[PDB]
Amino acid sequence: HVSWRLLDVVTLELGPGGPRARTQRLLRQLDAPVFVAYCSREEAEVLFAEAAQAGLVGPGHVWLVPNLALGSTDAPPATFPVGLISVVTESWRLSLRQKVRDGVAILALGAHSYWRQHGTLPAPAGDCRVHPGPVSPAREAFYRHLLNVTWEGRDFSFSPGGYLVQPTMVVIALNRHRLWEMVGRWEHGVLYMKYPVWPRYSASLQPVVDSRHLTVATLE
Amino acid sequence: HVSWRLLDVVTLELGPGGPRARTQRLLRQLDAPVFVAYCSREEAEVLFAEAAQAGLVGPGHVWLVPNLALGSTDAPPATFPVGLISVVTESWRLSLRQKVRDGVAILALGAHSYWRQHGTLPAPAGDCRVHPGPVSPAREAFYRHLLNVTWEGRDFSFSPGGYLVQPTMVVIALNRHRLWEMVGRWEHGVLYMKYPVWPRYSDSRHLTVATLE
Amino acid sequence: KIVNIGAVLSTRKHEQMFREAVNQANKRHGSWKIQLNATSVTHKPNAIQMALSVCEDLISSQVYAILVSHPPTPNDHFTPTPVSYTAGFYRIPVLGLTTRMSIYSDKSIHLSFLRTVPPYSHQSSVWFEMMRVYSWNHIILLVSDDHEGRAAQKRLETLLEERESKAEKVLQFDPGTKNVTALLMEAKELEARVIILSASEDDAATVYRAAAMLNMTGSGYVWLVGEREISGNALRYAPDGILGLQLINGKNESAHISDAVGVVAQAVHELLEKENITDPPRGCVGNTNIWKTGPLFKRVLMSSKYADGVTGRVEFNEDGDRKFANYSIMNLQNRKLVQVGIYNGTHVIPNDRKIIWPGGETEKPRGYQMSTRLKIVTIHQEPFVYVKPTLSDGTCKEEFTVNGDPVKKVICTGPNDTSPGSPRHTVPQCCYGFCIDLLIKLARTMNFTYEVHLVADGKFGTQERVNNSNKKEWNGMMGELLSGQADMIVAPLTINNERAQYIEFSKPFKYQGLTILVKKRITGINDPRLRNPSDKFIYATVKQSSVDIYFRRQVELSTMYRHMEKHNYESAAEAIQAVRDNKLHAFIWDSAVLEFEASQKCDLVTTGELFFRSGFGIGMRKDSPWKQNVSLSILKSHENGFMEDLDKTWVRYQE
Ligand SMILES: *[C@@H]1O[C@H](CO)[C@@H](O[C@@H]2O[C@H](CO)[C@@H](O)[C@H](O)[C@H]2NC(C)=O)[C@H](O)[C@H]1NC(C)=O
Ligand SMILES: *[C@@H]1O[C@H](CO)[C@@H](O[C@@H]2O[C@H](CO)[C@@H](O)[C@H](O)[C@H]2NC(C)=O)[C@H](O)[C@H]1NC(C)=O
Ligand SMILES: *[C@@H]1O[C@H](CO)[C@@H](O)[C@H](O)[C@H]1NC(C)=O
Ligand SMILES: *[C@@H]1O[C@H](CO)[C@@H](O)[C@H](O)[C@H]1NC(C)=O
Ligand SMILES: *[C@@H]1O[C@H](CO)[C@@H](O)[C@H](O)[C@H]1NC(C)=O
């Protein structure tokens, strides 16, 4: 709906080798209270170190990054600004064995749902050395049947392109003690938030409230 | 008294051609029929050069700059817009000999104006090696008597701030020959103008309309 | 590389400290990547030769900066000018180890110049913080004419106008003056009693003498001065309890030198990795050029911070101010100064003993010594303020009422009793009615004494700008409050935005609107007979009033207003008679005034009802200390039912 007034889009060489001065000049010349950046982990570290050098990491500005950055999710490094926001999918805290169990559950449910129509698990075709096979309708039917699946609240519906559609994403952010924490859920196209305001930090870590802001009370 | 509804004010940072990107974006997104700019002569050559790239020099728009720029009135440079309005004090066409004549005339007029008072012709201070002149003697009249004195029907009232007050000043602009021309005087606080309608010489704006009773 | 910097001092002893500092800073970085030297000169009694000597110092090396300090000379103003101007030609950056004049911050006049100590102008921030702490709102500012005083006043006014509060009174005396009792006398006759001083030492002493002669240095007063006014002969005689403030460790002249060399080294290290190695000017003659990277060096030097300075963390303002130097609060405890608290320019932390005040009391003084004799101004309005002549015995004739109690009356002076033709005459009269009774109750409720009088023109009061001027002064009663004629307004004054800009009201005590009176087709303001001019119906109002503004505040009604500009009355019930004489067709005015007379006399009717609603309120000067109590009394009156009993008495006894 809203206009989404865009300010400036910049592409800078943030690789291992390059001229740091040019990117320093480019980053030092900007003014916008929200930043959205798309880089890789090493590039993210380089970019954030340079930004911290050129005064863009204090309590004034805000950063947003896709899940391609952020690395491990269990070892946030230095120069990462507090308040970095990302959106990870459901099961960003489960165990490896639990995820393997979920995978075996999906496979078993797909096979079982196939049986309720025809009644047999298709035979394998693993001639790696022989490499045969034109289009095969049997495995095609099995795969077509394998797309959709649900499991006690968690629905894993795969798109034609092999990425699932309609998941329950969760927003995460870096708490004031360098530890990832959930902020807002997302289920069926409606967003939620832990806070009614964006808590905003500082260098000494005492949180501040904007001067042009206030809280109004009323009732019915 | 007029409403004077203003659109925006912008502070640029333009110099040597290293940091010349942010000013481009700032100049890109501002629109208006009239511009009033403040920069030096070594910077108008950057401002107007960047303005001609973002569509701001066509006959739709018009510019006004004070006398700080355009320092070399004899030979105006390139890349300047055709028809920008500035104001210059009187005697912008005078000769150097005329200028030194005017200076010696004002000094001698003050001196003889005191002489009519038959007081003295005060001598200057001694030299530089003594660091003399601790206080202001009765010489302070001389400086004062050097203020009101006119010459050849030209008011030369000098303010206590060291600049002349209420002179006659003219308006100049750049015709389609790149040489300045007079437009209108400011004698006694009434504007004269040579053109009843601005010429707008040479996408566009400023379209003309017609109507009758 | 061989990087060279310079300096100018006057000690011949602390120059050894300068070379020690530069060598010790070279110990921080000495891999020959850059290498540091050091040169110095001394001051001289003559200025021209001083400039020439700085010229030859500059040519001596390929200098990158200049450090200048204050000699044992007593002329602290012009001492750093001959070095600043000359080097200013070539844009060679310089630093000031110790100088406080506020002319060196004008960056359009000294092209390249920095500082390591805040100027005398920055004290206004400390004064503003102290005012915010102790809650003194009514302040008096006494300043001089020299540029420093104007700069300090401008900064303080910038802060106060940023909070949109303004100053009670600003008054200045030209420098080098004596026997100036007139200005202190002019400042003595106001309610605000806190006065803020800034002048030279001798002028401070003269002001102290005059004020002590005028009794204005005793109890009930608090005045805090800067730092230039408690030193030298001025400190000798002064009233006890004068607040002040001193620098953190200024005038050391050797603590700032280490910070200067450190920041210079930190800047030159960052500069040398740039593409443009112009190399500083070499030669004081023939070279009619500038340094090709002087502005860049100044810019990088400005935005270069320091880690651990002897005088604290060092940053620079937009012009080179010291940027968060410390400050020490002071006092006068019986002829001996003392430290009372430390303020870092952002907040004040009292970390010492208790502070005594001039009167010897221990409780905090408050400003605005509240007066008890108040003037009052009002206007002749029939339902509210009746004016009558008095008898020969000296009292207007008594008038009892059906209730069994008499009508209150007071004595009101001021007019000529004949507005059109009167050379000069003021007469005493009697006033009574609604607002007078309200004033009686208010005065008896909040312990004060009143001396009522009437306006000098008869109009309510409306802002206007006369020709051949740019300033607009209020006319009539509304003007009388602003210029200082009156102190309060007990009259039917409506509350509009323009009035609220410069005065401040209490809570409303009577609501109303605007309406039309007609002698028994006429209707509200929508008919073409009204929107367009015609001789059949003529409308008018009272000139120089609120309705005039309301009808000049609308472009889409221009023609109608123009109609009103043709002819209108500067009048009273006289307009009601002009309607009565069939001269005027209809009248448009406040609700209560019309509704009283319509049901009161006869044969007149009010057309429809109200369209634009507004209230009545008392008028008081800006941020006066009486408004809160007046409003609390008005609300109490509304809750009691007294305005109810009062209302029937005067308006419901009709029809
Ligand atoms: C020009 O201005 C001066 C004031 O600066 C006028 O007044 C002279 O002021 C000095 C003060 O030292 C007196 O002693 C003179 O007597 C004043 N006038 C004269 C000439 O006697 C001066 O009159 C002004 N002249 C004009 C053109 O009106
Ligand atoms: C490094 O500084 C020293 C002194 O600060 C410079 O030596 C001075 O050179 C001038 C040349 O006019 C002489 O008048 C002084 O007497 C010298 N002073 C001393 C203490 O030797 C030296 O020239 C500077 N380095 C360079 C390369 O110029
Ligand atoms: C989708 O889900 C339905 C519901 O169980 C199932 O019958 C079907 O086999 C699944 N796959 C396709 C391709 O419809
Ligand atoms: C100057 O500062 C130094 C360092 O803090 C200090 O030791 C000295 O007492 C101060 N005063 C003088 C006159 O040196
Ligand atoms: C205002 O009223 C209070 C009590 O209601 C009183 O204590 C105070 O002194 C009054 N202030 C003034 C300025 O009269």
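Here the Cβ is made from the backbone with ideal geometry for all residues, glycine too, and neighbour counts use every protein chain on show. Readers should treat all values here as calculations from the given coordinates under stated rules, not as data from a laboratory.
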Completion exercise
The size of the Cβ-based charge dipole (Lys, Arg +1; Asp, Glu -1) of the protein assembly as shown about the Cα centre, to the nearest 20 debye, is 1500 debye
Completion exercise
Taking a straight Cα-to-Cα line shorter than 17 Å from residue C:1, and setting aside same-chain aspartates and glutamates fewer than 8 residues away, one finds C:270, C:273, C:275, C:279
Handout entry: Amide hydrogen neighbours beyond the local backbone of residue C:510, cut-off 5 Å, H modeled
Key = C:616
Problem - Label-to-label distance, nm, for residues given as residue C:33 and residue A:191 (7 Å Cα→Cβ offset) - result: 4.6 nm
Practice task
Calculate I(q)/I(0) for the stretch B:1-88 by the Debye formula, one identical point scatterer on each C-alpha and no solvent, and give its log10 at q = 0.13 Å⁻¹ to two decimals.
Solution key: -0.44
Handout entry: Sorted peptide list for A:198-206, C:343-351, criterion being average Cβ within 10 angstrom, highest first
Key = C:343-351, A:198-206
Problem - Computed lengthening from residue C:443 to residue C:485, 0.36 nm per intervening residue step minus Cα-Cα distance - result: 13.2 nm
Practice task
Name the shape class, rounded, prolate or oblate, that the alpha-carbon gyration tensor gives for the stretch C:9-64, where a ≥ b ≥ c are the square roots of its eigenvalues, rounded holds for a/c under 1.5, and otherwise prolate holds if a/b is larger than b/c and oblate otherwise.
Solution key: oblate
Handout entry: Whichever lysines have a C-alpha closer than 20 Å to that of residue C:354, once near sequence neighbours (fewer than 8 apart) are set aside
Key = C:336, C:364
Fill in the blank from the handout: Taking alpha-carbon centroids only, the stretch C:542-620 lies from the stretch A:144-175 a number of Å equal to 74 Å
Exercise for the section: Enter the per residue convex hull volume of chain C, computed from alpha-carbon coordinates, in Å³ rounded to the nearest integer. Expected result: 249 Å³
Problem - Förster radius 56 Å - calculated FRET efficiency between residue A:143 and residue B:68, Cβ distance, rounded to 0.05 - result: 0.15
Practice task
Please give the FRET efficiency for residue C:585 paired with residue C:422, using the beta carbon to beta carbon distance and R0 = 35 Å, rounded to the nearest 0.05.
Solution key: 0.65
Practice task
Distance between Cα centroids, the stretch C:156-226 to the stretch C:284-343: provide it in whole Å.
Solution key: 29 Å
Problem - Alpha-carbon spread of the stretch C:124-203, three principal axes, descending order, Å - result: 35, 28, 19
Handout entry: Theoretical ellipticity at 222 nm over chain C - DSSP helices of four or more residues, -39500 (n - 2.57) apiece, nearest 500
Key = -9000 deg cm²/dmol
Problem - Descending semi-axes in whole angstrom, ellipsoid equivalent of the stretch C:94-157, from the Cα gyration tensor - result: 26, 14, 8
Fill in the blank from the handout: Once the mean of 1/r over all distinct C-alpha pairs in the stretch C:434-505 is inverted, the Kirkwood radius in Å reads 13.9 Å
Fill in the blank from the handout: The base-10 log of I(q)/I(0) that the Debye equation returns for chain A at q = 0.12 Å⁻¹, one scatterer per C-alpha, is -0.88
Completion exercise
Listed by chain and number, the residues whose amide H is under 5 Å from that of residue A:200, excluding neighbours fewer than 5 places away on the same chain and using placed H, are A:208
Completion exercise
With DSSP loop assignment and no more than 11 other C-beta atoms within 10 Å, the GluC sites (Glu not before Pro) in the stretch C:568-601 are none
Problem - From phi via Karplus (6.51, -1.76, 1.60), per-residue ³J(HN,Hα) for the stretch A:42-49 in Hz, x at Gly/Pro - result: 5, 4, 4, 4, 4, 4, 6, 4
Practice task
Mind putting a number on the dipole of chain C about its Cα centre? Charges go on the C-beta only, +1 for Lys and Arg and -1 for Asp and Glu, and I need it in Debye to the nearest 20.
Solution key: 1080 debye
Completion exercise
Long-range share for the stretch C:199-321, i.e. C-alpha pairs more than 25 Å apart as a percent of all pairs, stands at 54 percent
Problem - Peptide B:15-22, shielding by other chains (average Cβ, 10 Å cutoff) - result: 3
Handout entry: Estimated vicinal HN-Hα couplings, Hz - the stretch C:37-53 in sequence order (Karplus 6.51, -1.76, 1.60; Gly, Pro = x)
Key = 10, 7, 10, 7, 9, 10, 7, 9, x, 10, 7, 4, 5, 4, 5, 5, 5
Problem - Rg [Å, one decimal], Dmax [Å, integer] - the stretch C:568-645, C-alpha atoms - result: 17.5, 49
Exercise for the section: Pick out, from A:132, A:143, A:202, the residue whose Cα sits farthest towards the positive end of the charge dipole of the stretch A:118-206, with +1 on the Cβ of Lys and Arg and -1 on the Cβ of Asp and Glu. Expected result: A:202
Fill in the blank from the handout: Honestly the stretch C:323-476 on the Cα gyration tensor test (a ≥ b ≥ c root eigenvalues; a/c under 1.5 rounded, otherwise a/b vs b/c for prolate or oblate) is just prolate
Fill in the blank from the handout: Residues whose built amide H sits under 5 Å from the amide H of residue C:584, excluding neighbours closer than 5 in sequence, are C:579
Fill in the blank from the handout: For the stretch C:249-374 the translational diffusion coefficient, Stokes-Einstein from a Kirkwood Rh over Cα pairs at 37 °C and viscosity 0.692 mPa s, in µm²/s, is roughly 168 µm²/s
Exercise for the section: Rounded to the nearest Å, what's the spacing between the alpha carbon centres of the stretch C:394-433 and the stretch C:508-541? Just the number, please. Expected result: 33 Å
Problem - Simple label model, 7 Å out from Cα along Cβ direction - residue C:520 to residue A:54, nm - result: 8.5 nm
Exercise for the section: Provide the per-residue ³J(HN,Hα) series for the stretch C:497-509, in order, calculated from phi with Karplus coefficients 6.51, -1.76, 1.60 and θ = phi - 60°, each as a whole number of Hz, with x at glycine and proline positions. Expected result: 5, 4, 4, 5, 4, 10, 10, 9, 9, 8, 5, x, 10
Problem - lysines whose Cα lies under 23 Å from that of residue C:178, excluding same-chain neighbours fewer than 8 positions away - result: C:169, C:188
Exercise for the section: Can you tell me the alpha carbon radius of gyration of the stretch C:476-572 divided by the globular rule-of-thumb value 2.2 N^0.38 Å? Expected result: 1.29
Handout entry: Calculated FRET value between residue B:127 and residue B:202, using beta carbons and R₀ = 45 Å, to 0.05
Key = 0.15
Practice task
May I ask for the angle, rounded to the nearest 10°, between helix A:96-115 and the longest principal axis of chain A, with both axes built from Cα atoms and the value confined to 0 to 90°?
Solution key: 40 degrees
Fill in the blank from the handout: Expressed in Å to one decimal, the Kirkwood Rh of the protein assembly as shown from all distinct alpha-carbon pairs is 38.9 Å
Exercise for the section: Would you please calculate the Kirkwood hydrodynamic radius of the stretch C:355-427 over all C-alpha pairs and express it in Å, rounded to one decimal? Expected result: 17.5 Å
